[PDB]
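# Fold and contact review
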Amino acid sequence: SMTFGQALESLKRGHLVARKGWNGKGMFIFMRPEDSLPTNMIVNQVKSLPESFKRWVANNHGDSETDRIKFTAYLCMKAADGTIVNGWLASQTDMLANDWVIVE
Ligand SMILES: Nc1nc2c(ncn2[C@@H]2O[C@@H]3COP(=O)(O)O[C@H]4[C@@H](O)[C@H](n5cnc6c(=O)[nH]c(N)nc65)O[C@@H]4COP(=O)(O)O[C@H]3[C@H]2O)c(=O)[nH]1
Ligand SMILES: Nc1ncnc2c1ncn2[C@@H]1O[C@@H]2COP(=O)(O)OP(=O)(O)OC[C@H]3O[C@@H](O[C@H]2[C@H]1O)[C@H](O)[C@@H]3O
């Protein structure tokens, strides 16, 4: 048996984990790391953000002032169809289950 709590501690240590009880097959979850980025980079360089958010950052930072924004750690899933889902969330079942397994 393995709890979500134990799976989370394995995730925090960099492992890939999954539930035997999921409907989809061949899936797993993993943690993406925290990073703190300079505001100028966010505004002028990061491709993976909408323009309205780059605008909010620019208007609160000016591409100046030694400024940084922390992007917190989060969970992701390699889904059944091979896509990567940023921001995996745990169902009630996932949270309370004890069929978790280390995938790698
Ligand atoms: N749509 C999409 N594209 C993705 C994804 N993962 C990687 N990429 C693409 O791969 C590029 C390189 O990512 P990186 O080496 O992690 O280099 C990243 C990383 O070092 C940092 N960064 C940006 N956003 C985050 C974030 O939310 N968390 C962390 N930890 N770092 C971030 O800024 C660098 C530059 O980011 P970009 O200019 O956007 O450049 C990104 C982006 O074009 C994803 O989940 N979705
Ligand atoms: N392509 C995906 N994109 C995002 N997230 C995914 C995908 N695929 C799986 N997940 C996550 O794994 C859990 C179990 O996987 P699953 O058993 O295969 O889910 P499902 O049969 O497709 O049903 C769907 C319901 O499952 C619950 O948890 C899901 C999701 O959090 C949710 O509330 C769903 O509304």
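Structure determination for this entry is recorded as X-ray crystallography, at 1.98 Å resolution.

### Considerations on helix 1 (residues 4-12)
Among the residues of helix 1, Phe4, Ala7, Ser10 and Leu11 are the ones counted as buried. Mapping the buried residues of helix 1 onto a view down its axis gives an arc of 115 degrees, with all of them on the same face. Sitting at the amino-terminal end of helix 1 is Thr3, which places a side-chain oxygen 3.3 Å from the backbone nitrogen of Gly5. In the segment just after helix 1, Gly14 is the residue with positive phi, at about 95 degrees.

### Concerning the UniProt feature "binding site: 3',3'-cGAMP" (unreviewed entry) in the chain
UniProt records the feature "binding site: 3',3'-cGAMP" (unreviewed entry) at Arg32, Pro33, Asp35, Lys47, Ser48 and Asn86, using the numbering of this structure. Note that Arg32 resides in strand 2 (residues 28-32). The partly exposed category is assigned to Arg32, whose relative accessible area is 36%. Examined against the element boundaries, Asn86 turns out to sit in strand 6 (residues 84-86). The contact partners of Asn86, leaving out residues within four places of it in the chain, are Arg32, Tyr74, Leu75 and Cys76. A distance of 3.0 Å separates polar atoms of two side chains, one belonging to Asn86 and the other to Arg32.

Here is what the cut-offs are and how they apply
- Residues numbered from 1 in each chain as written, not as in the entry; some residues may be left out.
- Chains lettered and ligands numbered in written order.
- Heavy atoms only, no water.
- Buried < 20%, exposed > 50% of the residue type's maximum accessible area, 1.4 Å probe, protein only.
- Helix = DSSP H or I, 4+ residues; strand = E, 2+ residues; numbered from the N terminus.
- Arc of directions from axis to C-beta.
- Polar contact = N/O pair within 3.5 Å; in protein donor to acceptor, adjacent residues only side chain to side chain.
- UniProt positions renumbered as here; feature names shortened; annotations may be inferred.
- Contact = heavy atoms within 4.5 Å.

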